[PDB]
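Residue-level structural notes
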Amino acid sequence: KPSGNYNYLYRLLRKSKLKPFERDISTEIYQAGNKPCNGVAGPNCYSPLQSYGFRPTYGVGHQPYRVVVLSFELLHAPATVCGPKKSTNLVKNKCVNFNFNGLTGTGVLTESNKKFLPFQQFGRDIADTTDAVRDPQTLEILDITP
Amino acid sequence: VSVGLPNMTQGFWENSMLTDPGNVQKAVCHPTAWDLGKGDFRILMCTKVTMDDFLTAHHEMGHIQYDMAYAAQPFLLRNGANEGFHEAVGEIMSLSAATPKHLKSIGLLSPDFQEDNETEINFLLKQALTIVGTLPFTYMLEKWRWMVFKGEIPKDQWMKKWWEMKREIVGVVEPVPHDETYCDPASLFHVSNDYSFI
Amino acid sequence: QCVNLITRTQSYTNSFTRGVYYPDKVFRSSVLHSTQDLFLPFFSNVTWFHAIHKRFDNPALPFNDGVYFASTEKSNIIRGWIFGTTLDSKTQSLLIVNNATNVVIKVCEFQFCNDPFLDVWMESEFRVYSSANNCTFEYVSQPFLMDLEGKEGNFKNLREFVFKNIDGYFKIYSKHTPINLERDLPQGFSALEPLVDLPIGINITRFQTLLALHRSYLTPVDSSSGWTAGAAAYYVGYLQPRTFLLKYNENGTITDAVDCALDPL
Amino acid sequence: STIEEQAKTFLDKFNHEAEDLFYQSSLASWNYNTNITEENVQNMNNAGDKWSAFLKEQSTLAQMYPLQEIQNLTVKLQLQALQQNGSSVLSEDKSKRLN
């Protein structure tokens with residue numbers, strides 16, 4: 001603020017040593033010692049909150065910087081946050097390697113013949129060989145052959 | 001930075017008005033520094049094309065460099081060791097800038113000019129006229145002020161006392177005697193506003 | 001707020017054929033193959049907890065290794081589904097609300113009633129109350145049940161769900177079967193479809209269900225007076241790990257299942 | 001909770017508040033030296049009067065602190081510069097006569 005931004009407070013002295021991610025929001029007047037605080041006192045009542053001042057004329061080490069600190073966490077649980085992956089175009093009638101999903105395949109691609117059911121992704125024969133895949137983006141059925 | 005002191009804030013130069021302020025707003029022209037506090041300094045003058053303007057600018061930058069040096073020290077400790085140190089360290093940066101080899105290196109002086117013994121002697125004589133000429137005058141002013149403020153010498157013994165050790169201490173005789181009511185050594189600028197000479 | 005909560009009944013019956021679901025996302029055509037996993041046993045003994053409803057009931061119904069839930073209902077009086085372990089704002093607990101606007105799914109701790117209730121209505125609305133909100137989660141979707149007042153001069157349909165807890169991947173399967181038989185479960189065969197999987201990771205031990213019937217229109221004059229001790233038909237069965245054989249069609253269905261431990265044949 | 005920590009926090013809060021007041025007064029004096037106005041005169045006059053009252057208050061509050069109970073040279077020096085007398089024994093008539 002050109003007249004000084006005093007709304008940005010900070011607590012100079014805490015009751016004990018800080019805990020990782022511990023917050024002090026109370027406006028308690030910090031009785032340092034040798035005399036009880038007793039509401040408001042001159043020598044030993046010692047309010048610890050301090051303003052920033054924050055004029056635009058402040059120095060480089062004194063200018064208001066804005067900081068974002070980020071912390072992730074992992075656990076023995078399903079991972080709810082990941083990073084997106086971009087898929088290339090899909091081709092047909094060529095002996096190619098492909099990764100339509102978490103499964104990895106290789107073979108020639110051909111258009112649909114057999115209708116699927118909506119809650120289905122894998123077509124298999126009697127010998128546990130996958131041969132039908134529904135595309136992720138487009139809802140088209142494709143058949144692979146070795 | 002040839003000496004070794006690092007560069008500082010780029011917003012300071014625009015924050016200091018250096019040319020003639022003009023009549024659009026009243027402003028003084030004494031070259032003065034401003035150590036405003038937490039990372040803010042200003043200089044104030046009206047710059048003209050004089051060599052003494054360069055001397056005063058070097059003096060002001062020495063002052064402000066010493067100002068920002070002790071910025072990490074607290075506000076009560078944000079000064080020199082005593083009062084005379086700041087003026088002294090401004091003065092040595094003021095005088096050291098008048099070296100013609102520096103002016104030739106930076107191109108202020110052309111390399112055709114040369115320094116001889118007699119020119120250096122004249123420069124030393126001018127320096128003695130400025131520096132060591134004022135030293136015994138400052139000495140006897142300080143001594144007279146110390147006997148005055150100590151309250152030891154009588155007030156009414158000053159018929160010729162300041163006159164007589166002006167005659168014998170520095171070798172200056174008054175042309176006309178003065179009576180007791182005169183306080184001419186106490187009539188100077190610094191004693192009138194209680195500014196010390198030590 | 002909380003209301004009268006000392007009411008309990010009981011019943012008992014069997015279960016013939018229902019309780020077959022698709023194993024996972026896989027498709028085959030005219031292939032007869034077997035799996036070993038959790039299932040509802042054929043001809044197994046189930047626990048009809050309560051018979052019919054304007055009645056009150058407060059059971060403490062436990063949970064173990066999945067559960068088969070079945071109920072007939074017109075106008076969809078059943079609205080609430082509560083799972084969890086402590087159910088007293090101590091550990092995270094499931095909550096499903098199947099209001100006609102949109103189904104709301106929320107897992108966390110809750111200080112509800114020991115026997116919670118939802119409604120009293122018209123003009124204004126009696127919404128969810130009497131709970132704690134010290135917890136974060138969200139899910140919303142299209143409501144599971146089909147359109148209300150689906151009744152004609154004859155019987156129309158029957159709702160069925162199964163719930164399975166595995167690896168923190170809570171799975172629900174369901175079906176709405178349109179039948180005209182008017183007598184409990186029907187003699188026939190069908191399957192169960194996979195719709196929703198939730199990554200949660202919370203153990204479940206006890207669970208109940210909720211009714212959202214308006215006890216009255218005006219609040220202090222009318223409420224509940226001489227109508228208690230009962231609840232609707234929502235047949236409950238457990239699950240055991242066994243083997244099955246399934247038959248697949250030419251389009252890909254499940255049209256016949258035979259038990260693998262019933263009889264020597 | 002010895003007297004040294006109380007002296008430390010008193011010195012810190014005095015440094016901060018006096019730094020703010022000194023910054024305001026020096027800023028007002030600088031922009032008045034560039035642009036002479038009577039409103040600026042009132043500005044740094046009020047700022048300097050408030051800072052003088054503040055320094056008197058800090059000196060009087062620091063008079064409680066024992067100057068012989070500090071072993072650190074910096075805190076001892078700053079308390080010595082803070083526990084100055086100035087007007088410890090000074091009649092108001094004598095003070096206004098001096099002024």
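Reading guide: rules and limits
- Note on numbering: residues are counted from 1 along each chain in the order of its written sequence, which can differ from the entry, and residues with no coordinates are hidden.
- In the order they appear in the text, chains get letters beginning with A and ligands get numbers beginning with 1.
- These chains belong to a larger assembly; all numbers given describe just the chains displayed.
- For the side-chain quantities, the full set of heavy atoms in the structure was used; hydrogens and water were omitted.
- Helix numbers and strand numbers start at the N terminus; a helix is a DSSP run of H or I with at least 4 residues, a strand a run of E with at least 2.
- C-alpha atoms define the radius of gyration in this analysis, and the globule rule sets the expected value at 2.2 Å times the number of residues to the power 0.38.
- Three labels apply to residues, based on accessible area from a 1.4 Å probe with only protein chains included: buried if under 20% of the type maximum, exposed if over 50%, partly exposed otherwise in between.
- Calculation of accessible area relied on Shrake-Rupley with a 1.4 Å probe; when residues are assessed, cover is drawn exclusively from the protein chains displayed.
- Working rule for contacts: check all heavy atoms of both residues, and any pair within 4.5 Å makes them a contact.
- The buried area of a pairing is the accessible area, by a 1.4 Å probe, that goes missing from both parts when the two are put together, added over both.
- One side-chain nitrogen of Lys or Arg within 4 Å of one carboxyl oxygen of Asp or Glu is enough to make a salt bridge.
- Polar contact criterion, stated in full: a pair of N or O atoms within 3.5 Å, where within protein one must be able to donate a hydrogen and the other to accept it, and residues adjacent in sequence count only if both atoms are side-chain atoms.
- As a working rule, the residues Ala, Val, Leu, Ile, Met, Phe, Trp, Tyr, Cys and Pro are called nonpolar, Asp, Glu, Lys and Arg charged, and the rest polar, with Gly in that last group.
- Two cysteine sulfurs form what is called a disulfide whenever their separation falls within 2.5 Å.
- UniProt positions are given in the numbering used here, feature names are shortened, and annotations may be inferred rather than shown by experiment.
- The pairing criterion for strands is at least two bridges between them, as found by DSSP.

- Deposited coordinates in this entry are attributed by the record to cryo-EM, at a stated resolution of 3.90 Å.

**Remarks on the overall build of chain C**
- Broken down by element type, chain C carries zero helices and 16 strands.
- In terms of overall size, chain C behaves like a compact globule, its C-alpha atoms giving a radius of gyration of 20 Å where 265 residues would be expected to give roughly 18 Å.
- A burial count over chain C gives 45% of its 265 residues as buried.
- If you sum the accessible surface of chain C, you get close to 14100 Å²; carbon and sulfur atoms cover 56% of it.

**Remarks on the interface of chain B and chain D**
- With 21 residues of chain B at the interface, the matching set in chain D holds 19 residues.
- Interface of chain B and chain D: buried area, both sides summed, is about 1900 Å²; carbon and sulfur atoms make up 66% of it.
- It is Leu36(B), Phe75(B) and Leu76(B) in chain B that bury the most area against chain D; as a group they hold 35% of the surface buried on that side.
- Our enumeration of links across chain B and chain D arrives at one salt bridge.
- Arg78(B) is the partner of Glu19(D) in a salt bridge, and the nearest nitrogen-oxygen pair spans 2.8 Å.
- Summed over the shared surface of chain B and chain D, the number is five residue pairs in polar contact.
- At the level of elements, β1 (32-37) and β2 (40-44) of chain B are the ones that each hand at least two residues to the side of chain B that touches chain D.
- Looking at the side of chain B that touches chain D residue by residue, the class counts come to eleven nonpolar, four polar and six charged.

**Details of the UniProt feature "disulfide bond" in chain C**
All names here are of chain C.
- Between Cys-2 and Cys-113, where UniProt places a disulfide bridge, the two sulfur atoms sit 2.0 Å from each other, close enough for the bridge to exist in this structure.
- Classification of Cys-2 as partly exposed rests on a relative accessible area of 42%.
- In this structure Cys-113 comes out as buried when scored by relative accessible area, which is 16%.
- Below 2.5 Å lies the sulfur separation expected of a disulfide, and the 2.0 Å found between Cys-108 and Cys-135, a pair UniProt records as linked, sits within that range.

**Structural notes on the sheet that holds strand β8 (residues 103-105) of chain C**
- Sheet architecture is open: six strands sit in the order β4-β13-β6-β7-β8-β9 (chain C), paired in antiparallel fashion. In this open sheet, the two strands that pair with only one neighbour each are β4 (61-62) and β9 (140-141) of chain C.

**Points about the arrangement of the chains**
- Interchain contacts are distributed over four pairs of chains, and the most extensive set of them lies between chains B and D.
- At no point do chain B and chain C touch; the closest pair of C-alpha atoms across them sits 45 Å apart.
- You won't find any contact between chain C and chain D; their C-alpha atoms come no closer than 39 Å.

**Observations concerning the interface of chain A and chain B**
- Listed as interface residues are six residues of chain A and, on the opposing side, five residues of chain B.
- Summed over both sides, the interface between chain A and chain B buries roughly 410 Å², with carbon and sulfur atoms accounting for 52% of that surface.
- The tally of links from chain A across to chain B stands at zero salt bridges.
- At the junction of chain A with chain B, the criterion picks out three residue pairs in polar contact.
- Counted by class, the side of chain A that touches chain B contains three nonpolar, three polar and no charged residues.

**Regarding the sheet that holds strand β5 (residues 67-71) of chain C**
Residue and element names in this part refer to chain C.
- One open sheet accounts for five strands, arranged β12-β11-β10-β5-β14; its pairing is antiparallel. With one partner strand each, in any of the chains shown, β12 (193-199) and β14 (236-237) form the two edges of the open sheet.
- As defined by bridge partners, strand β11 (residues 169-178) adjoins β12 across six bridges and the pair is classed as antiparallel. By the bridge assignment for β12, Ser-174 is matched with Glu-193.

**A few points about the side chain of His50(C)**
- Position of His50(C) among the secondary structure elements: in the loop between β3 (45-46) and β4.
- Reaching out from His50(C), the side chain makes a polar contact with the side chain of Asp57(C) at a distance of 2.9 Å.

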